Amino acid sequence: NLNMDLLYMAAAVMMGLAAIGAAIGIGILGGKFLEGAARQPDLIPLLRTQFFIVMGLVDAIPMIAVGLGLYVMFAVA
Amino acid sequence: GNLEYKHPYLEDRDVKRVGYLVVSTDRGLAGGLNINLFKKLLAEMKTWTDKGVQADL
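Quick note, the sequences are listed as chains A and B, same order.
Each residue of the first sequence is one higher than the one before, starting from 70 at the first, in the working numbering.
Each residue of the second sequence is one higher than the one before, starting from 4 at the first, in the working numbering.
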C-alpha cells in the first residue's frame, strides 16, 4: 500500500545525504592528512593517530543517519 | 633535514671541468704568501688536467 512507497523514499533521502556528508568530510580531512604526510614523512604514525581522532568525530551524525535509514528500511518498511 | 630538496648545488655530478676562485693581495712585500698559494694551486690544477678535465680561474 501507500506506506512502503514513501518510507523507502525517506530512507533513500536520509542515506543519500549521509553519504554526501561523510564522503566529503573525510575527503577533505584525508587530503590534508596526505599533504601533511608528504610534507613530513616519519610523522605518518602520529598524523594518522590524529587523523583518526578527527575522523571519529566527522562520521557521527552521518552514521546515526545511516543507522536510522536502515531502521526505517528493514524495521518499519 | 627531515625534508629535502633536489637543488643542483647539493649533488655530486660528474666532474668534467673545475673552476677556482683565487684570492691574492694587491700589494707586494708580503713575503712568500702569494707564491706558496699559487704553487699549491698549480699542483692541484696539474693533477686535474692530467685526468683530462679542464680548469678555470
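Even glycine gets a Cβ: it sits at the ideal position worked out from N, Cα and C.
| field | Proximity to B/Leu-60 [Cα-Cα], best of B/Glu-14, B/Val-21, B/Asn-5, B/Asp-17 | value | Here residue 60 of chain B is taken as the residue at index 57 of the second sequence, counted from 1. The candidate whose alpha carbon is nearest that of B/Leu-60 is B/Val-21.
| message | Since B/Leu-40 and B/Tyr-23 should fall inside the 8 Å C-beta cutoff, what is the C-beta to C-beta distance between them, to a whole number of angstroms? | response | In the second sequence, counting from the first residue as 1, residue 40 of chain B sits at position 37. In the second sequence, counting from the first residue as 1, residue 23 of chain B sits at position 20. Contact flag wrong, Cβ pair sits at about 11 Å.
| task | Examine the Cβ distances between the region 131-141 of chain A and the region 86-104 of chain A and report whether three or more of them are shorter than 8 Å. | result | yes
| task | Output the boundary residues of the alpha helix (DSSP H) element that contains A/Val-123. | result | The residue given as residue 123 of chain A occupies position 54 in the first sequence. Start and end: 113-127.
| said: For A/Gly-136 and A/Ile-93, I'd like the C-alpha separation in whole angstroms. | reply: Mapped onto the first sequence, residue 136 of chain A falls at position 67. Mapped onto the first sequence, residue 93 of chain A falls at position 24. The alpha-carbon atoms of A/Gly-136 and A/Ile-93 are separated by roughly 19 Å.
| Given a threshold of 16 other Cβ atoms within 10 Å of its Cβ, counted over all protein chains shown, does B/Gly-55 qualify as buried or as exposed? | What you label residue 55 of chain B is simply residue 52 of the second sequence in a count that begins at 1. Exposed: under 16 other Cβ atoms inside 10 Å.
| task | Using only alpha-carbon positions, find the residue among A/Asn-70, A/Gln-109, A/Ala-79, A/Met-73 that is nearest to B/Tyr-8. | result | Residue mapping note: residue 8 of chain B aligns to position 5 of the second sequence, counting from 1. The shortest C-alpha separation from B/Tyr-8 is found at A/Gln-109.
| query | Whose C-beta lies closer than 7 Å to the C-beta of B/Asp-15 among residues of the same chain, with five residues either side of it excluded? | reply | Start at 1 with the first residue of the second sequence, and residue 15 of chain B comes out as number 12. So the list is empty, once near-sequence residues are dropped.
| field | A/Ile-95 versus A/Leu-116 - alpha carbon distance | value | Against the first sequence, residue 95 of chain A aligns to sequence position 26. Against the first sequence, residue 116 of chain A aligns to sequence position 47. Their backbone Cα atoms lie some 15 Å apart in a straight line.
| said: Which same chain residues end up closer than 7 Å to A/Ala-146 when comparing Cβ atoms and leaving out the 5 residues on each side of it in sequence? | reply: Sequence index remark: in the first sequence, residue 146 of chain A carries index 77 (1-based). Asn-72, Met-73, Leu-76, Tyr-77.
| query | Between which two residues does the beta strand (DSSP E) carrying A/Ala-144 extend? | reply | In the first sequence, the residue the question calls residue 144 of chain A occupies position 75. Careful: A/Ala-144 lies outside any beta strand (DSSP E) and carries neither H nor E.
| said: With H, G and I counted as helix, E and B as strand and the rest as coil, what does DSSP make of B/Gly-4? | reply: For the purposes of this step, residue 4 of chain B is identified with residue 1 of the second sequence, where counting begins at 1. The answer is coil: DSSP assigns B/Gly-4 none of H, G, I, E or B.
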